[PDB]
Amino acid sequence: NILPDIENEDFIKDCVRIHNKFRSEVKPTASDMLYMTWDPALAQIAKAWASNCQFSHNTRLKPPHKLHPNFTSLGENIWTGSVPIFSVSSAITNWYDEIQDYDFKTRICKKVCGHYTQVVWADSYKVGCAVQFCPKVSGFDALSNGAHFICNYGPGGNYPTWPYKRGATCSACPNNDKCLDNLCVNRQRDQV
Ligand SMILES: [Zn+2]
């Protein structure tokens, strides 16, 4: 298990593909789920924060900070665990599986659900991730020599509302956006 660098093409494909797989398969269906693409600037941001090896959120995701020239606010998911166990698939799946504690009807979360909601946040269409090797991670004293994985999201989600608008798939995309695997695509947005 070697931890990939932020420009590793397989790492990039995994992060994007697996985010989109969960976003495509949501239940209830989403009417407005945007297709998610890689953003190298978001990946650099994740890399810088991840190198701090702290189990807490980047402090500069919101005004008056602005880490990314094109987003007012950024979103963030963090996964921290052992090196052997780490993979893009397991980390993101771990975030998504918080759905078990989420009741879509009422938005009631029984535990921790904010990673799941950011994974499937309709309006978020750019992602960038990084993993760091961390001898110790602050806030997580139990852990030794772990993998510390952070994705940043543009624009940020986790407003006090449903992560997407439930409805017939792709029935409420922006403009005249086409649909690909239950996601709203758009040549302009999706350019990397
Ligand atoms: Zn969190």
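Criteria and thresholds
Residues numbered from 1 in each chain as written, not as in the entry; some residues may be left out. Heavy atoms only, no water. Residues with missing side-chain atoms left out of burial classes, pairs and counts. Donors = N, O, S within 2.8 Å, 3.2 Å for Na, K, Ca; no water. Helix = DSSP H or I, 4+ residues; strand = E, 2+ residues; numbered from the N terminus. Buried < 20%, exposed > 50% of the residue type's maximum accessible area, 1.4 Å probe, protein only. Core = buried A, V, L, I, M, F, W, Y, C linked by side-chain atoms within 4.5 Å. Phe/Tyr/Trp six-rings, centres within 6.5 Å; stacked < 30°, edge-to-face > 60°. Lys NZ or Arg CZ within 6 Å of the ring centre and 35° of its normal. Contact = heavy atoms within 4.5 Å.

- What the deposited record gives as its method is X-ray crystallography, and the resolution it gives is 2.200 Å.

1. Observations concerning the coordination of the zinc ion
Okay, so step 1: Taken together, the protein ligands of the zinc ion are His-57 (NE2) and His-115 (NE2), with distances of 2.7 to 2.8 Å. Taken as a pair, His-57 in the loop between α2 (40-50) and β2 (75-82) and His-115 in helix α4 (residues 114-119) lie far apart in primary sequence, 58 residues in all.
Okay, so step 2: Exposure remark for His-115: the relative accessible area of 17% places this residue in the buried category.

2. Focus: the nonpolar core
Okay, so step 1: Ranked by size, the top nonpolar core spans 41 residues in total, and within it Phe-149 and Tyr-164 carry the most contacts.
Okay, so step 2: When contributions to this core are tallied by element, the ones reaching two or more residues are α1 (9-24), α2, β2, α3 (88-96), α4, β5 (126-134) and β6 (146-154).

3. Some details on unusual backbone geometry
Okay, so step 1: In this chain, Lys-27 is followed by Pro-28 through a cis amide linkage whose omega measures 0°.
Okay, so step 2: Relative to the helices and strands, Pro-28 is located in the loop between α1 and β1 (37-38).
Okay, so step 3: The step from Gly-154 to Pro-155 runs through a cis peptide bond, and the omega angle for that step is -10°.
Okay, so step 4: Tracing the backbone through its elements, the reader meets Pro-155 in the loop between β6 and β7 (178-180).

4. Thoughts on the packing of aromatic side chains
Okay, so step 1: This model, assessed by the stated rule, comprises 13 aromatic pairs.
Okay, so step 2: Plain terms: the ring middles of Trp-95 and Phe-149 are 5.5 Å apart, the flat faces sit at 10° to each other, and that makes the pair stacked. Taken together, the residues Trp-95 in helix α3 and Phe-149 in strand β6 connect sequence positions 54 residues apart.
Okay, so step 3: With relative accessibility at 0%, the residue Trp-95 sits in the buried group.
Okay, so step 4: Relative to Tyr-159, the ring of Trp-121 lies with its centre 6.4 Å away and its plane at 45°, an arrangement referred to as tilted. In this pair, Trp-121 is assigned in the loop between α4 and β5 and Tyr-159 in the loop between β6 and β7, connecting sequence segments 38 residues apart.
Okay, so step 5: On the accessibility criterion, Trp-121 (4% relative accessible area) is buried.
Okay, so step 6: An aromatic cluster is present here, built from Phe-11, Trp-38, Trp-79, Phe-86, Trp-95 and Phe-149 joined pairwise through their rings.
Okay, so step 7: Above the plane of the ring of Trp-162 lies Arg-107, whose end atom (NZ or CZ) is 5.8 Å from the centre.

5. Quick look at the environment of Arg-60
Okay, so step 1: With respect to the helices, strands and loops of the structure, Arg-60 is situated in the loop between α2 and β2.
Okay, so step 2: Separated by 15 residues in sequence, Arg-60 and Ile-45 have C-alpha atoms that sit 9.9 Å apart.
Okay, so step 3: Apart from the residues lying within four places of it in its own chain, the contact partners of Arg-60 are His-65 and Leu-67.

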